[PDB]
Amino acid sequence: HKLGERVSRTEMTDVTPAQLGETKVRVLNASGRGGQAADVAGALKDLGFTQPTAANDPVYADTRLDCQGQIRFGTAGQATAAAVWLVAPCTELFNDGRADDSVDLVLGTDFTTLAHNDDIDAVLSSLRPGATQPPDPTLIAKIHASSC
């Protein structure tokens, strides 16, 4: 239905991602694959995200979401959404106008695993305690300009 405003790759590439331990992520299953939200929430926790929650998506409850998925957030949560987008780079971004800083990672039918490579890993290291350098904007731009 109404998911809010589609946010462009161009706009989100300029957002500095949140520290992973300062995020509030919910993983929502819209894929039809049992246990997938719990699996991905655990994988996010292993990367350093504050323990995400895992549940079913109420929006696409009656039809599965036929793509990689979505990241849904409000303006207060945009840096968290930018952090999630590093590891789910082929999802669609929606600002749904919520007033808090929570972010929903919605798994579609096509989602398989979180993304990882040397560039993503380099950026994620800057979002953990003891980061040696601030998140590298060139790598962030490269990840999102070259994906999907």
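Throughout, we count residues from 1 along the sequence that is shown.
S.K.: Pick between 2-10 and 137-145: the one whose mean CA B-factor in the entry is higher.
M.R.: It is 2-10.
S.K.: If you average the CA temperature factors over each stretch, which comes out higher, 48-56 or 63-71?
M.R.: Averaged over C-alpha atoms, the B-factors run higher in 63-71.
S.K.: Out of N29, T112, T91, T80, which shows the largest CA B-factor listed in the entry?
M.R.: That would be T112, according to the entry.
S.K.: By the entry's C-alpha temperature factors, tell me which of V103, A99, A37, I120 sits highest.
M.R.: Top of the list by C-alpha B-factor: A99.
S.K.: Can you tell me whether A131 has a C-alpha B-factor in the lowest, middle or highest third compared with the other modelled residues of the same chain?
M.R.: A131: CA B-factor falls in the highest third of its chain.
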